Each structure stands twice: as structure tokens, then as C-alpha cells.
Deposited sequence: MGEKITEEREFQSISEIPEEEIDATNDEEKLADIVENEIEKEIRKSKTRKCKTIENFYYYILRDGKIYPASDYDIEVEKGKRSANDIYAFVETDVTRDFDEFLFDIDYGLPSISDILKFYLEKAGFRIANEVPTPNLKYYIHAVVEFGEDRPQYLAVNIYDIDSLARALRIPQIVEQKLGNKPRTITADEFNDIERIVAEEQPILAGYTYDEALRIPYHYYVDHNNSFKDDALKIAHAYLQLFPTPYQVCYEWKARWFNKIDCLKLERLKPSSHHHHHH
């Protein structure tokens, strides 16, 4: 499992390196990487298959070191993406969505300006469980695979993002608002609550397979992530 994740991080890193503009990518089961937008056009043309998508890559670019560290350590994935990814992997189909049923990984790549790259690899199922998605989908839709309406997607989305406490008694939307307030907006009044959320997040949410690199002489050079966090 860790072997596949190391391979995926080098696939992401080589692509960012090659590029050094683009933010979203798909990694296929064969290890090929493509920008997500152009792949979606090929999928609908019938040229490429959505069944071949193995990993989804979201690239954030930063110029502030506090933001870079926050993104890599405490940054939450989009709840809309994980819900969509979980539903499709469980056999459901969302109206107007081409499903990606064999998606295993969610990858968040953060580039600090170039100076550093941090590649975070998450298992989608593990992430969906921590977001308390399976139980809500089961209570609301059942187990029988079907196409769900936009209204049904929205009803589930509301519960998971706004109604269910996930971290230190807070909902997903409060857990986006409160930490960022302290960590990125540098507002000290939200220290107590941000730290409570941070502490719960680190234990309850799946630890990502994290690979770090430093930009030196036209290359990204693999380094210990602790060195990045310690600088």
C-alpha cells in the first residue's frame, strides 16, 4: 500500500517539476497523469474512460510559509469532492455526473513559492468515514445502487457539512472557519478553539502518506517532512 503511495507522490512531483498554471489532475491505474479538465472532455467524447481514474490531485500554490504549513498539516479536503467520490465508489450515481467508480486516492499537493512541495496522499474511504459520510448515505439512501437527484445530494451534503459534529463538537463548516481564523488570519482570540480542532483532526482524521521536496537547481529534491516543518 505504502509502495503505491510512494509511486503516486513521485508521479505528482515529476508532473509539478515538468510544469515548472495547472491545479487539478487525474492519475490513471497505469500511473499516467493528466490535467483533470482536458481528461473530462476526452471522457465525454468517448476517447478516455472515467473507470481508469485511480487518484484525484488538487494542487494549491502558496507564497506565505504559515499558509503552506497550515495547508499541508491541517487543510481539510472539499466535503463536496469526498461525498461525490464516496457515493460513486459505493455504486451510486449523481445526476449529470460521469462516475469515477475506481478512485482510491485523494491527493493534495502544496507548492510554496519555487521553494517547496508537499504531497499528501489520502485514502478516500478512510476520509469519508472520518467525515461520517457512510452512515448518513445509508440512513438517507439505503444500500441499493442508484442515480440520486441534485436534491438528494444536497440533503446529504447539508447533514455532513452543517449538522453533524465531526471535530471537538464542531461541524465540518465550523472546522473550516475556526482554525484558518487562528492559523492564517493570525487572530489570537480563536487560539483555544483552533487548537482543540487541530488536536482532534490529527488523531481522528486518517494520517496522510506525506512526501516533501525542496526546490534546488531546477529540481525537487526529496527531503524529510519534519525538516520542512522544523525550518
According to the record, which stretches of the deposited sequence lack C-alpha coordinates?
-> 1 to 23, 44 to 54, 148 to 151, 270 to 279
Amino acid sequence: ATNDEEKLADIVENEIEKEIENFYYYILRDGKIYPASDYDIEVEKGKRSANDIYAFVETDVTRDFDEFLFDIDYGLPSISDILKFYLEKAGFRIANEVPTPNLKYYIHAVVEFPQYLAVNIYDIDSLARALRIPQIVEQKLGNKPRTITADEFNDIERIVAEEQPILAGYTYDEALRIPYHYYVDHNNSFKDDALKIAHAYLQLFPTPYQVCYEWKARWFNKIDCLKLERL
From here on, numbers count along this sequence of modelled residues.
Entry B factor averaged over C-alpha atoms, 77 to 85 against 137 to 145: higher for 137 to 145
Is the mean CA B factor in the deposited entry higher across 44 to 52 or across 66 to 74?
-> 44 to 52
Reading the B-factor column for Cα atoms of 122, 153, 113, 92, the highest value belongs to 113
Per the PDB entry, which option out of 183, 34, 172, 205 has the greatest Cα B factor?
-> 34
In terms of the chain's CA B-factor thirds, is residue 29 lowest, middle or highest?
-> highest
Would you please rank residue 197 by its C-alpha temperature factor against the other modelled residues of its chain and give the third it falls in: lowest, middle or highest?
-> lowest
CA B-factor placement of residue 213, once the chain's modelled residues are sorted into thirds | middle
Cα B factor band for residue 167 (lowest, middle or highest third within the chain) = lowest
Relative C-alpha B-factor of residue 61, binned into the chain's lowest, middle or highest third = highest
